[PDB]
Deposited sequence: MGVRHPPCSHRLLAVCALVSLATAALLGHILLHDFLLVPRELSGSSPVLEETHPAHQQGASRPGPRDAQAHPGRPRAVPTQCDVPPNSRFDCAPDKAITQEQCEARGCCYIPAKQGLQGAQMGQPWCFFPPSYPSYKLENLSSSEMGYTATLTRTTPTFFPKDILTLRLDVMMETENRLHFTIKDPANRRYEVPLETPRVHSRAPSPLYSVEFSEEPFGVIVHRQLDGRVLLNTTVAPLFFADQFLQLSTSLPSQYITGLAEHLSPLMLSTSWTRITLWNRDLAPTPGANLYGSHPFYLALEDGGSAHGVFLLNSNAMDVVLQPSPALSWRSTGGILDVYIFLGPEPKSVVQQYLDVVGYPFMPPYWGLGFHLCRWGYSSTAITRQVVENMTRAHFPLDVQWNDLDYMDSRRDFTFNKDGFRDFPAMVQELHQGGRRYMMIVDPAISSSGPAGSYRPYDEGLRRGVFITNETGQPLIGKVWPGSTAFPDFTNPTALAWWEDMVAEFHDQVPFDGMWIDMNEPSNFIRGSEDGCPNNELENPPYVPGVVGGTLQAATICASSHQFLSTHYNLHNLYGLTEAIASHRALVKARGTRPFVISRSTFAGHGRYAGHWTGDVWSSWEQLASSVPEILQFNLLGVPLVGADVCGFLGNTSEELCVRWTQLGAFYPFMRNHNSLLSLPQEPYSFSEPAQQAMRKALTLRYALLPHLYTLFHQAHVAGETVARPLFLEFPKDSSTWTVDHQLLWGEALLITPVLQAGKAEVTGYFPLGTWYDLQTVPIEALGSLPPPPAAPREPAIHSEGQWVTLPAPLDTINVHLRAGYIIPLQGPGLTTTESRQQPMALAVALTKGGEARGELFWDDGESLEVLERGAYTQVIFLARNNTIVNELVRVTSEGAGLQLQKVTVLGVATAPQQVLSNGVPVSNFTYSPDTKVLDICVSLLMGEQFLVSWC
């Protein structure tokens, strides 16, 4: 009766350390491990819920779940309602609720699946129809459903699972008794800790390269426990079970299906894709001006200048000091005149200690009741940068209106172009509030997940504090998201163009409103390597605008690290070099000449690829694609890709293989079956100063030369990449002529596309205010296909076409039937470089033979 294989034992004492006698008193089995694995675990006979009165609606199924025997947790809910909705052929949805009490809910020719049910103990069983494989089986363990404790378990189809941000972890999560805690927390990224965001979604790989996704729409603090059987357990501290299963079958389709629910990523302004430079310690407008001066002097592109707490008056939002920032508005106006943009930090917490009538944001907040309140109904007061602070309630409609006003009013003073929203966990320098926290079940729940500090209050506000929609206990994981939403709306109203919001704390669906950076990472090799899986993870979760502080934030960077970090960083979708107050400088211009070359080259390449990167974001926005993706998302059927997370793809075509260790002059990367052209063979122009031509892989690891000044970038055969000429800003580069890089298959074919708009307007797709072109290479010709042409893309000039993998030197190269003025061919590299005078918006035919 206690004969359960070790790896299939489910913890019967997740709440406390337990003795044998107590374990058996709970009706559980006690077997000590031989070396983690629970000593106290459920027998197959442990009391669960029983399914009864299962019936058939038009949507799917409904049933009653009854528990006869109470668990060891208080306030078991003995009668539940089951609703199974078969929403699409790709998406199955089921809820388990209390029919007697409305509980907290997060405010949001055949199907590929089939569903069965176990009667006793109750379980939901989901099969993939095509191959009969069990994806979900909740029978593996008892269902717990108490007021402050939900537990739902399932078998997993393989050892390969990804998701459940935000943690410093490999892309593929360890199934060796791993406890993953989702509770937004201000902590410098470290393994085994709950970090800034919570995304209750996983993608699971199945033998053969199929995949499915599971999303649990629950914003309460939770643990997810993985075991090697393999299996998974959700343990939430409130709410309901609201489960979506996405059937794929392709990993890309899983992501797309998940984003159908949580929302497709927002479309950033083009300039957002440029280089961002920031640090804490630009303490004046004069110093800040020097940063732009020094970058321009040394031919480093810079699109956006940022400021941290420096700009503020006494570290308060919506103010500027009259010392080093007396002429703040003029500085920002000047940046605009140069064709650049400005970003500055904004905290959620509002200074409450000022004299009445002297600080409008607090005074208005007080008047309108925008703050999170405590037991007696007064604002909850914590400590942050300005000192004593109240925290806005972003679930309050009135709070949203107040936030819009503060942003609009401040924008009238200083025309910033976006918002960097930090500390939105929300972060608190003290535990709970200045007045401590009350003694109640929200503050001391029966189950506390493995959060750092061992309490839900650590580094945040009281769980039992009041918001418009609910207690903080339920809403905590949404705090950052709600601020993102609030900020997104505020910037739209204030500016009338696309918002640019970068947020620290995030939740499922965050990517629809804002981007993210991975927080206070150390300037270390370890942290540089870790950023790749982290960036990839966020793409899978539909937050494609993500990156890490290039060169690292905490500690002092080295020259070598900063070179490697910039090399890889240029391939973060969101690229910002940011630095801490006490750190040594790490701006590109602050290093030696050889190092500057390497960095200049990385920034040059990025700027060249912006038209491509922008098109990739367009795909994310309309079709729920990823921008930076792991090999396994592009090559699921090659199981060698499954554990690759130190390389990344941009879209389908561009494979980046970075050096992530000190003193390395080579890198070993994995190349899926196909031909991969070295991007070094494509001519790229720069403003300042700055190997096999092709890899023919059978699906194998390849060692590549990787000297200090090189980052390995390969273009997949059969793909056409659009490029644009150089500039120090996107204002400049968007005016430059364009080029094509054409990577021919052995069969002489290739396909590509370009999306183009004004780069900042709202409702571009709805209004049709864009140009969309497809490029096709076939039978020794390159043509364009006009999907849509408007004034926006009309005057785009194509002046250069580079063809990779041309076997023999041509005798004639024609453009629209006339010999071109100039072309070159390398017998060595197999590259045909053609000069042309064409318009992206007019049909052309380039040919050779």
(request) Point out each run of deposited residues with no C-alpha coordinates, keeping the order of the sequence. (result) 1-80, 116-122, 196-204, 787-793
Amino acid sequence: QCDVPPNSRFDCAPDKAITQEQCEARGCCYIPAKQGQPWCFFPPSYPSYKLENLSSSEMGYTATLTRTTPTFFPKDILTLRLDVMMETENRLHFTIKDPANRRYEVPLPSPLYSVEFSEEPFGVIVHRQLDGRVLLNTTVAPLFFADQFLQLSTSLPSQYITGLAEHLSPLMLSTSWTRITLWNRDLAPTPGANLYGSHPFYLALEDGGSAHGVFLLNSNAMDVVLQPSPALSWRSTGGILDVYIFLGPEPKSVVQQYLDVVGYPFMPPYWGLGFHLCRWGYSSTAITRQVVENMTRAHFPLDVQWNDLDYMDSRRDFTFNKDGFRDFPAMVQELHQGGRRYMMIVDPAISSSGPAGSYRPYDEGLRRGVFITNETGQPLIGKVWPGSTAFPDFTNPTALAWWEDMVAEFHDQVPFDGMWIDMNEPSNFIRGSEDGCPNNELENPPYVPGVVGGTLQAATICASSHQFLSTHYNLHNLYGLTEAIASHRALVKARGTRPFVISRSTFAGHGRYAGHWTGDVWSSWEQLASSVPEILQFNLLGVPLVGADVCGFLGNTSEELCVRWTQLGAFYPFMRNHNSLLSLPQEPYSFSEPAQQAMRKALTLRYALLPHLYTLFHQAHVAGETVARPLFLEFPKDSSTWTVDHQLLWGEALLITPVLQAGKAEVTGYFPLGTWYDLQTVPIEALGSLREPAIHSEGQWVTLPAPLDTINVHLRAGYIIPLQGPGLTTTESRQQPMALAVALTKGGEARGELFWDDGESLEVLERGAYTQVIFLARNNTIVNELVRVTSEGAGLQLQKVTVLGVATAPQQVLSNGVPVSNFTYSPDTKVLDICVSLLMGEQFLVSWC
From here on, numbers count along this sequence of modelled residues.
(request) Check whether residue 209 goes without coordinates in at least a third of the other compared PDB entries of this protein that model residues on both sides of it. (result) no
(message) Would you say residue 689 is commonly dropped, meaning unmodelled in a third or more of the other compared entries that have residues on each side of it?
(response) yes
(request) Read off the CA B-factors in the entry, average them over 476-484 and over 330-338, and name the higher stretch. (result) 330-338
(message) Using only C-alpha atoms and the B-factors in the entry, which stretch averages higher, 661-669 or 414-422?
(response) 661-669
(request) Tell me which of 768, 263, 397, 515 tops the list for C-alpha B factor in the record. (result) 768
(request) Using the B-factor values recorded in the entry, state whether the Cα atom of residue 698 falls in the lowest, middle or highest third among the modelled residues of its chain. (result) highest
(request) Would you mind checking where the Cα B-factor of residue 290 ranks among the modelled residues of its chain, as the lowest, middle or highest third? (result) highest
(request) Would you mind ranking residue 507 by its C-alpha B-factor against the rest of the chain and naming the third, lowest, middle or highest? (result) lowest
(message) Sorting by Cα B-factor within the chain, modelled residues only, which third would residue 72 end up in: lowest, middle or highest?
(response) highest
(message) Considering every modelled residue of the chain and its Cα B-factor in the PDB entry, is residue 583 in the lowest, middle or highest third?
(response) highest
